[PDB]
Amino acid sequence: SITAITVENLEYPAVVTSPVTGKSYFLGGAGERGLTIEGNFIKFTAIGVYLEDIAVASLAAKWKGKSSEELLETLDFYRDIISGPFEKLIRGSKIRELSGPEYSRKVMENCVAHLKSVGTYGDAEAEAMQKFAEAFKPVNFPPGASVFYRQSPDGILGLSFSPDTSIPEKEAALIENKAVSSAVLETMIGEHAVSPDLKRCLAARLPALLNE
């Protein structure tokens, strides 16, 4: 009984299947990001986080039988989702048009702050973030356009870009670095991520699946 979610008219199917891996994922949660200007929240993108179907078996052990309220306050729960032994797929869709460099600037900012924060930001990670940036330079995201982050548990982050919301057939780049590979999702549902809309969805939707 996993539902779909719509954010500012951008729909996120309950399940999807990757053309690059052949795996299927279920929608863990959706939300929105933007900027607060003069006390006003200005929407720019929508975000949906998908978890590989096998994530349920992996998470069942420690989190089955926990209440949504209980999960929402347990940081360890989100750590297992971020670093769990399964693929995660994040789809960011634009509400307002942003060029590749415009969108990526803030994302890289947050990723770099996190990496430096946990003491894992050396030359390799800096070079990986440079490659990350490079991948976005030739892209533009008009309303409805999407970016796909495929977090592989093998320490690789795959980047895809779509003119709309459909999953690209091929990936535009592969960032091969363990620390950086989870940085993006970290800044969305990790401990130091202020917006809690995504964390709440995860806390609310997982319990049902973890039981069956």
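From 1 onward, residues are counted along the sequence shown.
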Looking only at CA atoms, which has the higher mean B factor in the entry: 135-143 or 68-76? 68-76
Record-listed C-alpha B factor of residue 150: chain third: lowest
Among the modelled residues of this chain, does the Cα B factor of residue 160 put it in the lowest, middle or highest third? middle
Residue 181: C-alpha B-factor third of its chain, per the entry, is the lowest
Should residue 55 be placed in the lowest, middle or highest third of its chain by the C-alpha B factor in the entry? middle
Splitting the chain's C-alpha B-factors into thirds, which one does residue 47 fall into? middle
